[PDB]
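Presented below is the structure to which this report refers.
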Amino acid sequence: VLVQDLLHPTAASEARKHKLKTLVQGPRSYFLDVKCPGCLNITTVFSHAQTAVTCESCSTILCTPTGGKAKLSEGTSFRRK
Amino acid sequence: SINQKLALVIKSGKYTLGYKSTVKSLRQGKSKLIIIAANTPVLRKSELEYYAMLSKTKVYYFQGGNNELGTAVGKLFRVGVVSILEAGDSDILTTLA
Amino acid sequence: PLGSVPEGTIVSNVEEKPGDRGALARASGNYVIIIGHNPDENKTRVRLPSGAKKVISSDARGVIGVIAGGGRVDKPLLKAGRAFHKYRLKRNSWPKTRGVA
Amino acid sequence: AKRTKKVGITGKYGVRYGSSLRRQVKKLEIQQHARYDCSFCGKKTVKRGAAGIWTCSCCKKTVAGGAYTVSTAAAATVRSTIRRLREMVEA
Amino acid sequence: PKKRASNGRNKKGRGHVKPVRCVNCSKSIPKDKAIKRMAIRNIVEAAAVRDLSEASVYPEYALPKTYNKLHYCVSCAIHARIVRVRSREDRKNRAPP
Amino acid sequence: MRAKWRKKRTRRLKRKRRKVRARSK
Amino acid sequence: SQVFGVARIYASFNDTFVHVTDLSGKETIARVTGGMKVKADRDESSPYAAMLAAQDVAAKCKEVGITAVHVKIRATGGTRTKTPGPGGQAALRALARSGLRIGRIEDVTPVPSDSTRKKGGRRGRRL
Amino acid sequence: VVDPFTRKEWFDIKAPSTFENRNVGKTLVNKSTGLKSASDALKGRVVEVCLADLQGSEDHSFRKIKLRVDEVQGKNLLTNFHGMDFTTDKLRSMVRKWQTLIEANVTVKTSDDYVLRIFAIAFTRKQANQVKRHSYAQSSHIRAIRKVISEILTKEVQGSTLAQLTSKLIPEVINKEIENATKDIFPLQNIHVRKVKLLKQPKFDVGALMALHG
RNA sequence: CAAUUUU
RNA sequence: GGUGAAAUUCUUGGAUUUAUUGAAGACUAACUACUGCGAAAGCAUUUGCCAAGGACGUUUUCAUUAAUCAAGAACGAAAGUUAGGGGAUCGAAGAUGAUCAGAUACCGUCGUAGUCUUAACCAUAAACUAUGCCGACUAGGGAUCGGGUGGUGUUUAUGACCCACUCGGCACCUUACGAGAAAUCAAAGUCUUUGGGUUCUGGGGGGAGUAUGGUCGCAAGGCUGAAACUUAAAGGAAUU
Ligand SMILES: [Zn+2]
Ligand SMILES: [Zn+2]
Ligand SMILES: [Zn+2]
């Protein structure tokens with residue numbers, strides 16, 4: 001306060017200000033490279049959820065929708081996408 | 001309930017309204033789950049249930065009124081009896097069984 | 001019969017004594033409660049639509065439900081005409097002149 | 001147009017019988033002339049013929065109901081206040 | 001002037017709450033408003049409870065307790081409930097003593 | 001007095017005057 | 001190994017009212033008021049008028065068989081003061097001395113699920 | 001005048017048999033001479049009695065009972081059960097502030113031909129390590145645990161004629177399983193039932209009563 | 001418990 | 001009973017109290033909070049249906065569609081009106097015992113209209129947070145409701161709770177930074193260093209929300225609304 005730097009902020013301070021009240025606007029979601037244990041290929045899934053995603057052969061579950069981010073529900077895979 | 005579930009059928013699956021095109025469509029067994037209103041008269045309700053007893057088809061006693069069922073199938077209109085004769089993209093077969 | 005009905009109900013067209021064939025609360029839109037019931041001393045206690053208490057026999061029958069046609073008297077007779085015509089099927093009781101005349 | 005503003009059905013009496021006594025008919029006179037939702041055939045064709053009778057036009061079943069309307073305020077709380085009471089002789 | 005910060009009692013962002021009834025003066029007051037007083041420990045007290053156990057069979061081990069939850073008004077709280085100090089800085093305390 | 005019981009004296013003198021204006025037309 | 005009773009001690013303000021009933025709850029034995037004893041009309045709510053009122057209820061109970069009681073205090077009840085008046089604590093000790101036996105003091109004051117407005121009005125009784 | 005406390009005479013009270021000793025009360029009615037022979041003409045009284053004397057374990061001090069006279073045999077009798085209720089001080093002691101009271105009102109028609117209206121109470125406790133003194137519910141946990149506390153007392157049907165209900169309400173085995181059905185939300189509080197009042201006495205039950213004798 | 005006036 | 005004290009008022013025909021069944025209408029306890037929803041009224045028994053909404057999330061879409069609004073409308077506690085159902089409890093008028101020098105008041109026992117519910121009306125109140133609506137800045141704190149993120153957390157495999165956040169909501173303390181006549185205020189600040197946008201209202205007190213005209217109402221009345229004339233004080237906030 002009374003003198004600061006607004007151009008080299010604390011890089012660990014985006015927990016401390018909102019996703020939409022920071023200097024350069026930036027989202028916080030990402031993408032989930034998930035896989036079904038019954039099947040062979042990879043798909044990407046938004047980290048938050050909406051309509052429930054599918055698979056090619058045993059098209060049951062890769063993520064579930066709720067009020068926050070999704071849940072994969074069988075431990076498979078996430079690098080980053 | 002099932003007011004949303006009829007609406008899933010009428011845009012997608014073949015169905016016949018009324019009373020005479022659900023008795024003609026029942027002499028081959030080609031109709032499934034005749035939905036019946038409540039105050040439809042017991043002269044015909046107790047003996048199209050009797051046809052359903054021989055055709056081995058389900059009956060749902062839709063406990064809404066007579067003119068209530070016309071709104072449920074969307075019609076600007078007063079229906080009494082529907083007859084879903086195919087359910088090609090539906091889920092009504094086992095959830096009312 | 002009143003011995004066959006649970007108390008607190010709304011009986012109608014009750015008799016006064018069994019076999020008398022209709023006695024009590026027959027007019028347009030009136031009805032009787034049964035207040036209590038006495039198994040010793042075979043008897044029921046109704047209250048008839050005057051609001052007076054009454055003990056009567058527990059085999060006096062009665063149909064259940066207010067007699068249809070309730071609420072005639074909201075409508076004013078509104079003229080001499082349809083006051084003449086409600087009486088001239090019943091009896092000569094009209095027009096009554098005042099005794100001071 | 002609106003041929004009369006506030007008198008409604010009871011403009012056939014003209015200038016007589018009063019003000020607060022005609023409108024005591026007017027909130028009743030329309031109630032006996034209307035069409036009621038016939039709960040048996042399923043249509044709106046209930047009309048009176050007398051003090052109490054309410055015939056239907058299709059399937060012709062006469063509900064012996066209220067004197068001026070179909071069901072009274074009394075009979076509103078009568079078939080309910082034995083439906084309250086009919087289960088007591090059962091359970 | 002305006003002598004109370006919360007001018008009404010505990011009625012902020014709500015509007016008009018409910019009435020509830022007093023004890024002695026028997027008048028209605030808003031439920032959030034006036035007075036709630038409870039401080040009791042045991043009520044059947046030393047009028048020989050020590051000589052009530054030998055005035056009893058099955059010496060009963062509890063000597064049971066009553067509970068009420070009463071609401072005074074304010075104009076009987078001044079006549080009954082001891083206040084003893086209300087200056088213009090001790091309108092702000094929050095303690096039971 | 002209050003401001004409620006001259007607000008009662010005025011609206012119940014007005015019933016006296018709006019009928020004496022209908023006696024003399 | 002002795003006979004129980006039921007006391008039903010009523011104690012409003014402006015009167016105290018002590019008796020004893022049977023253990024079946026129906027047969028009533030010797031109702032005693034405060035207003036019968038004194039002739040002052042204000043001592044109906046006095047402790048000392050309620051003191052010996054348990055004695056004439058005790059020797060009435062001890063001469064008919066009754067030895068022990070299941071005593072129950074009772075306030076005004078309903079929508080009234082709901083606390084006992086003056087003569088409550090003056091009376092329960094007053095029969096404890098008299099060769100009686102006590103088990104399971106209760107309280108039988110019924111409070112409502114709040115309803116049915118009481119007296120005074122809206123602005124209530126004025127001092 | 002004629003002192004009517006001396007032509008009555010003393011009588012006994014006996015209780016049913018899913019209990020220990022049944023020397024419960026000692027009443028007195030009249031002498032049953034004609035002009036109102038009071039032999040089978042008392043017939044309608046009830047007895048409000050505690051559970052300390054009746055089970056011996058005085059730590060069931062509250063949860064009172066009411067017991068109802070049916071018929072008489074020779075200055076003795078046998079009675080039948082008439083609903084378990086709580087007391088006007090525990091349920092006034094129990095409701096502390098900063099918590100939430102729940103309820104469950106399920107009119108259960110029995111296996112036999114009664115109906116009885118069991119109730120229930122509940123509160124929520126400080127799951128300690130607390131810092132938050134309110135300890136409320138979401139008020140959709142109130143709706144949630146009511147959907148199972150109004151169902152776990154509906155396996156009363158298919159069995160448990162009221163003596164077996166008395167063998168199920170007295171040992172508090174039904175207060176156990178609320179903890180073992182609210183592990184969804186909430187392990188433990190003093191989950192009681194507080195009342196059961198019955199409405200539909202069918203008969204006299206001539207041959208279903210005197211088997212409860214000893 | 002009840003209390004009126006002081007040009 | 002009944003109050004300070006008593007008296008009207010029921011009662012040995014059985015009152016008061018006691019237990020048992022019942023009815024009927026009214027209300028929703030204790031839980032209940034410096035807490036929730038609603039546009040303001042208002043809103044606390046569950047259960048089921050009907051539609052609707054606030055917040056929080058999203059790397060979904062549309063591209064300025066927006067703020068406040070003359071005219072005109074929707075909703076609008078209590079009392080009141082019409083016509084019915086019901087009128088248990090309380091209870092304007094009314095009777096009637098106290099009280100008084102005076103009491104058709106306070107105090108006391110009863111009691112009508114009403115309190116409730118249907119179909120319409122009425123459209124005002126301390127409808128108060130007496131301190132418009134939208135937009136942005138300016139000190140710190142601590143606690144709570146709802147939503148979301150991370151903890152190598154505790155407890156019983158989620159759930160509940162603990163810890164650090166952050167969005168929105170009801171508020172609360174501290175200090176005067178600022179402001180004001182002062183009370184006090186994180187808005188009543190960013191104003192004589194005078195301008196973000198935009199509705200409504202006021203000009204000394206009375207006369208007076210009256211008269212008159214219009215207009216709505218079934219009516220009580222509501223909205224619009226003056227003046228002749230008469231006075232130097234009404235008035236606010238704190239000190240003795
Ligand atoms: Zn799949
Ligand atoms: Zn018809
Ligand atoms: Zn008050």
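To be explicit about the labels: the chains of the structure tokens are called A, B, and onward in the order shown, and within each one the residues are counted from 1, while ligands get numbers from 1 in the order they are shown.
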
Q. Could you list, as a ChimeraX atom specification, all the residues within 8 Å of ligand 1, counting only C-alpha atoms (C1' of nucleotides) and all ligand atoms?
A. /A:36,38,53-62

Could the residues in this selection be saved with N, CA, C and O atoms as a compact mmCIF listing (two decimals), in the first residue's frame?
# COMPACT_ATOMS: atom_id res chain seq x y z
N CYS A 36 -11.33 -44.61 -21.31
CA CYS A 36 -12.14 -45.63 -20.67
C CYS A 36 -11.33 -46.92 -20.52
O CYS A 36 -10.59 -47.29 -21.44
N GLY A 38 -12.31 -49.90 -20.64
CA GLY A 38 -12.75 -50.90 -21.59
C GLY A 38 -12.31 -50.61 -23.01
O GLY A 38 -12.42 -51.47 -23.89
N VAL A 53 -20.39 -37.06 -21.33
CA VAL A 53 -19.64 -37.42 -22.51
C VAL A 53 -19.72 -38.93 -22.73
O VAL A 53 -20.18 -39.68 -21.88
N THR A 54 -19.28 -39.37 -23.90
CA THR A 54 -19.50 -40.73 -24.38
C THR A 54 -18.17 -41.43 -24.67
O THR A 54 -17.08 -40.86 -24.51
N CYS A 55 -18.28 -42.68 -25.12
CA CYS A 55 -17.15 -43.50 -25.54
C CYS A 55 -17.55 -44.19 -26.84
O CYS A 55 -18.68 -44.05 -27.31
N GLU A 56 -16.63 -44.96 -27.44
CA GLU A 56 -16.93 -45.47 -28.78
C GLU A 56 -17.66 -46.82 -28.73
O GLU A 56 -18.58 -47.06 -29.52
N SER A 57 -17.27 -47.71 -27.82
CA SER A 57 -17.85 -49.05 -27.79
C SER A 57 -18.66 -49.31 -26.53
O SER A 57 -19.85 -49.62 -26.63
N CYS A 58 -18.05 -49.19 -25.36
CA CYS A 58 -18.80 -49.27 -24.10
C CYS A 58 -19.06 -47.85 -23.59
O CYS A 58 -18.44 -47.36 -22.65
N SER A 59 -20.00 -47.19 -24.26
CA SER A 59 -20.23 -45.76 -24.09
C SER A 59 -20.99 -45.52 -22.80
O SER A 59 -22.20 -45.30 -22.82
N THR A 60 -20.30 -45.56 -21.66
CA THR A 60 -20.98 -45.36 -20.39
C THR A 60 -20.61 -44.05 -19.70
O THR A 60 -21.47 -43.19 -19.57
N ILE A 61 -19.35 -43.84 -19.32
CA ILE A 61 -18.96 -42.77 -18.40
C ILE A 61 -17.51 -42.40 -18.63
O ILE A 61 -16.64 -43.28 -18.69
N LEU A 62 -17.23 -41.11 -18.78
CA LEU A 62 -15.91 -40.57 -18.56
C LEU A 62 -15.88 -39.46 -17.53
O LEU A 62 -14.89 -39.33 -16.81

Q: Just the residues within 12 Å of stretch 6-19 of chain F, please, counting only C-alpha atoms (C1' of nucleotides), with nothing from its chain fewer than 6 positions along; format it as a list in words.
A: residues 25 of chain F; 208, 209, 210, 211, 220 and 221 of chain J

Can you check which parts of chain G lie within 7 Å of ligand 3? Per residue, the shortest pair of atoms and distance in Å to one decimal, counting only C-alpha atoms and all ligand atoms, sorted by chain and number, as JSON lines.
{"residue": "G:122", "atom": "CA", "partner": "ligand 3", "partner_atom_place_in_ligand_line": "1 (Zn)", "distance": 5.9}
{"residue": "G:123", "atom": "CA", "partner": "ligand 3", "partner_atom_place_in_ligand_line": "1 (Zn)", "distance": 4.5}
{"residue": "G:124", "atom": "CA", "partner": "ligand 3", "partner_atom_place_in_ligand_line": "1 (Zn)", "distance": 6.1}

Could you report the residues within 9 Å of ligand 2, using only C-alpha atoms (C1' of nucleotides) and all ligand atoms, as a PDB file with N, CA, C and O atoms, in the first residue's frame?
ATOM      1  N   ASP D  37     -68.318 -27.288 -16.443  1.00  0.00           N
ATOM      2  CA  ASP D  37     -67.486 -28.373 -16.946  1.00  0.00           C
ATOM      3  C   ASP D  37     -68.070 -29.692 -16.462  1.00  0.00           C
ATOM      4  O   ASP D  37     -67.947 -30.041 -15.288  1.00  0.00           O
ATOM      5  N   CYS D  38     -68.733 -30.413 -17.365  1.00  0.00           N
ATOM      6  CA  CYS D  38     -69.377 -31.678 -17.026  1.00  0.00           C
ATOM      7  C   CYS D  38     -68.320 -32.711 -16.692  1.00  0.00           C
ATOM      8  O   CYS D  38     -67.545 -33.123 -17.559  1.00  0.00           O
ATOM      9  N   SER D  39     -68.298 -33.141 -15.441  1.00  0.00           N
ATOM     10  CA  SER D  39     -67.264 -34.032 -14.944  1.00  0.00           C
ATOM     11  C   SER D  39     -67.505 -35.492 -15.305  1.00  0.00           C
ATOM     12  O   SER D  39     -66.745 -36.352 -14.852  1.00  0.00           O
ATOM     13  N   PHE D  40     -68.524 -35.794 -16.105  1.00  0.00           N
ATOM     14  CA  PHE D  40     -68.823 -37.159 -16.510  1.00  0.00           C
ATOM     15  C   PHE D  40     -68.512 -37.401 -17.981  1.00  0.00           C
ATOM     16  O   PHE D  40     -67.729 -38.295 -18.310  1.00  0.00           O
ATOM     17  N   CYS D  41     -69.119 -36.629 -18.883  1.00  0.00           N
ATOM     18  CA  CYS D  41     -68.808 -36.796 -20.295  1.00  0.00           C
ATOM     19  C   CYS D  41     -67.466 -36.173 -20.632  1.00  0.00           C
ATOM     20  O   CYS D  41     -66.747 -36.683 -21.496  1.00  0.00           O
ATOM     21  N   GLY D  42     -67.116 -35.081 -19.962  1.00  0.00           N
ATOM     22  CA  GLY D  42     -65.852 -34.418 -20.173  1.00  0.00           C
ATOM     23  C   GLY D  42     -65.917 -33.115 -20.930  1.00  0.00           C
ATOM     24  O   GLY D  42     -64.878 -32.658 -21.412  1.00  0.00           O
ATOM     25  N   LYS D  43     -67.089 -32.510 -21.064  1.00  0.00           N
ATOM     26  CA  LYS D  43     -67.241 -31.290 -21.843  1.00  0.00           C
ATOM     27  C   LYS D  43     -67.827 -30.183 -20.970  1.00  0.00           C
ATOM     28  O   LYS D  43     -67.974 -30.332 -19.755  1.00  0.00           O
ATOM     29  N   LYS D  44     -68.152 -29.055 -21.599  1.00  0.00           N
ATOM     30  CA  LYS D  44     -68.768 -27.918 -20.921  1.00  0.00           C
ATOM     31  C   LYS D  44     -70.168 -27.746 -21.496  1.00  0.00           C
ATOM     32  O   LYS D  44     -70.379 -26.907 -22.370  1.00  0.00           O
ATOM     33  N   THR D  45     -71.130 -28.543 -21.013  1.00  0.00           N
ATOM     34  CA  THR D  45     -72.507 -28.464 -21.507  1.00  0.00           C
ATOM     35  C   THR D  45     -73.510 -28.634 -20.373  1.00  0.00           C
ATOM     36  O   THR D  45     -74.604 -29.171 -20.573  1.00  0.00           O
ATOM     37  N   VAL D  46     -73.158 -28.190 -19.177  1.00  0.00           N
ATOM     38  CA  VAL D  46     -74.054 -28.289 -18.031  1.00  0.00           C
ATOM     39  C   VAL D  46     -74.931 -27.048 -17.973  1.00  0.00           C
ATOM     40  O   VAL D  46     -74.429 -25.928 -17.852  1.00  0.00           O
ATOM     41  N   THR D  55     -78.619 -30.998 -16.140  1.00  0.00           N
ATOM     42  CA  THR D  55     -78.539 -31.979 -17.207  1.00  0.00           C
ATOM     43  C   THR D  55     -77.225 -31.782 -17.961  1.00  0.00           C
ATOM     44  O   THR D  55     -76.606 -30.720 -17.904  1.00  0.00           O
ATOM     45  N   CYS D  56     -76.781 -32.809 -18.679  1.00  0.00           N
ATOM     46  CA  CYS D  56     -75.738 -32.668 -19.677  1.00  0.00           C
ATOM     47  C   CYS D  56     -76.333 -32.925 -21.051  1.00  0.00           C
ATOM     48  O   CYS D  56     -77.422 -33.483 -21.185  1.00  0.00           O
ATOM     49  N   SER D  57     -75.607 -32.516 -22.086  1.00  0.00           N
ATOM     50  CA  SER D  57     -76.124 -32.616 -23.443  1.00  0.00           C
ATOM     51  C   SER D  57     -75.677 -33.885 -24.139  1.00  0.00           C
ATOM     52  O   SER D  57     -76.468 -34.515 -24.842  1.00  0.00           O
ATOM     53  N   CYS D  58     -74.418 -34.262 -23.971  1.00  0.00           N
ATOM     54  CA  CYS D  58     -73.889 -35.504 -24.507  1.00  0.00           C
ATOM     55  C   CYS D  58     -73.670 -36.489 -23.366  1.00  0.00           C
ATOM     56  O   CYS D  58     -73.000 -36.164 -22.381  1.00  0.00           O
ATOM     57  N   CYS D  59     -74.263 -37.673 -23.519  1.00  0.00           N
ATOM     58  CA  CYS D  59     -74.493 -38.826 -22.649  1.00  0.00           C
ATOM     59  C   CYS D  59     -75.607 -38.579 -21.634  1.00  0.00           C
ATOM     60  O   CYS D  59     -76.059 -39.543 -21.018  1.00  0.00           O
ATOM     61  N   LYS D  60     -76.098 -37.341 -21.486  1.00  0.00           N
ATOM     62  CA  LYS D  60     -77.335 -36.978 -20.770  1.00  0.00           C
ATOM     63  C   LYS D  60     -77.383 -37.532 -19.343  1.00  0.00           C
ATOM     64  O   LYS D  60     -78.140 -38.451 -19.034  1.00  0.00           O
ATOM     65  N   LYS D  61     -76.510 -37.045 -18.472  1.00  0.00           N
ATOM     66  CA  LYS D  61     -76.554 -37.439 -17.075  1.00  0.00           C
ATOM     67  C   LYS D  61     -76.767 -36.223 -16.189  1.00  0.00           C
ATOM     68  O   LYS D  61     -75.951 -35.298 -16.182  1.00  0.00           O
ATOM     69  N   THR D  62     -77.858 -36.243 -15.431  1.00  0.00           N
ATOM     70  CA  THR D  62     -78.313 -35.096 -14.660  1.00  0.00           C
ATOM     71  C   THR D  62     -77.790 -35.202 -13.238  1.00  0.00           C
ATOM     72  O   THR D  62     -78.252 -36.042 -12.462  1.00  0.00           O
TER      73      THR D  62
END

May I have a table of the residues of chain C lying at most 10 Å from chain D, giving each one's closest pair of atoms and their distance in Å to one decimal, counting only C-alpha atoms, ordered by chain and ascending residue number, as a Markdown table?
| residue | atom | partner | partner_atom | distance |
| --- | --- | --- | --- | --- |
| C:5 | CA | D:89 | CA | 9.0 |
| C:6 | CA | D:89 | CA | 7.8 |
| C:7 | CA | D:85 | CA | 9.6 |
| C:8 | CA | D:85 | CA | 8.7 |
| C:9 | CA | D:82 | CA | 7.0 |
| C:10 | CA | D:78 | CA | 7.8 |
| C:28 | CA | D:67 | CA | 8.6 |
| C:29 | CA | D:74 | CA | 8.5 |
| C:30 | CA | D:74 | CA | 9.5 |
| C:64 | CA | D:82 | CA | 9.2 |
| C:65 | CA | D:78 | CA | 6.9 |
| C:66 | CA | D:75 | CA | 6.9 |
| C:67 | CA | D:65 | CA | 8.8 |
| C:68 | CA | D:65 | CA | 5.3 |
| C:69 | CA | D:67 | CA | 3.9 |
| C:70 | CA | D:67 | CA | 5.4 |
| C:71 | CA | D:67 | CA | 6.0 |
| C:72 | CA | D:67 | CA | 5.9 |
| C:73 | CA | D:67 | CA | 9.5 |
| C:74 | CA | D:24 | CA | 8.1 |
| C:75 | CA | D:25 | CA | 6.0 |
| C:76 | CA | D:25 | CA | 7.2 |
| C:77 | CA | D:25 | CA | 9.7 |
| C:78 | CA | D:17 | CA | 7.0 |
| C:79 | CA | D:17 | CA | 7.9 |
